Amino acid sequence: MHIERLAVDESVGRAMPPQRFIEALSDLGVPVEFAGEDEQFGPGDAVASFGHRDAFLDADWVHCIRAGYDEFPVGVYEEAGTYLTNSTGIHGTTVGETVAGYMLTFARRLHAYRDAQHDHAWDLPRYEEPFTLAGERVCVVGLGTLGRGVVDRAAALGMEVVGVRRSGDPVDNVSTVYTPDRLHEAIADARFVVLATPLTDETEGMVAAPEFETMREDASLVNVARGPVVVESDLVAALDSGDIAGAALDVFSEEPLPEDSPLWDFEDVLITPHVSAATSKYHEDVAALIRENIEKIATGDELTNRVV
């Protein structure tokens, strides 16, 4: 096909300033322009956006600036003949680092020390509290971009790494790969269980009371996927009961996390506001995907990360 301009929907501001992205693409080979929420599109238009608007169905191509596309109506794009791509592939370093940071925070007790800092308290941990990630086990559920970003960093810190993916096939830096059939075996002996799957009707509610029972009482859950992969109320009950020790949570069933959620108040819960992938260079990272697909369009090659 033939792209005549890239419209940058104002919604991209949920992850990056639109002007930074626009200017980053000054040499793309088609003009790039800010688009407000009430604009119309037509033949030749590509649109980069955070979320979906029905107006985009008059464009030739929509690039979702997120990895997760579970809030796009994929069926309506098919019918309109509008291509849809996502941003999978670009979040491995940011998420991987964040998750390494969560794990090190728990091992080295940094969050407890931060709490004490507010009170000007020189508070020493219990002797049994501080440990090293070296030699501890992590299970990574989902072994795509996010999961591999986590795996690589965990392995380099000397962790024992296992994980779960649909094929069960070997993955670089993972000692043992399990199919989803064997989730309970995969999580049972892990100090950390990390969720890195898309939200689909197959992964929704995957981690609930029975999984928390299976998990070690000294283990922590990490959710950087989507909130509804966990049954949130079961997680609260598990934390209350001591079925698991704690959790690092970047995503929730309702975001922003409501103020009356019990999750805020657990010492060994870390709440982060859907920012495990945040980066001051997100504009460059998304721009690279746009450049790639503009080359594919020019040459008549299949688009990267095409959803429909």
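Whichever C-alpha set is largest while still superposing within 1.5 Å between the two forms counts as the rigid core. In case it trips you up, residue 1 is the first one in the sequence shown, and so on.
Farther on average from this form in 5 other deposited structures of this protein lies stretch 74-82, the comparison being between 146-154 and 74-82 by RMS Cα distance after core superposition. Two stretches, 64-72 and 266-274, are weighed by how far their CA atoms sit from the shown form in 5 other deposited structures of this protein after rigid core superposition; the farther one is 64-72. Taking only CA atoms, the mean B-factor in the PDB entry is higher for 63-71 than for the other of 258-266 and 63-71.
Of the two segments examined, 219-227 and 180-188, it is 180-188 that shows the higher average Cα temperature factor in the deposited entry.
Per the deposited coordinates, the residue with the largest Cα temperature factor out of 147, 89, 135, 168 is 168. The PDB entry gives the largest Cα B-factor of the residues 246, 42, 29, 273 to 42. Per-chain ranking of the deposited C-alpha B factor places residue 278 in the lowest third. Sorting the modelled residues of the chain by their CA temperature factor places residue 101 in the lowest third.
Among the modelled residues of its chain, residue 175 has a C-alpha B-factor that falls in the middle third, as given in the PDB entry. When the CA B factors of the chain's modelled residues are split into thirds, the value for residue 203 lands in the middle one. Placement of the Cα temperature factor of residue 212 within the chain: middle third of the modelled residues, per the deposited record.
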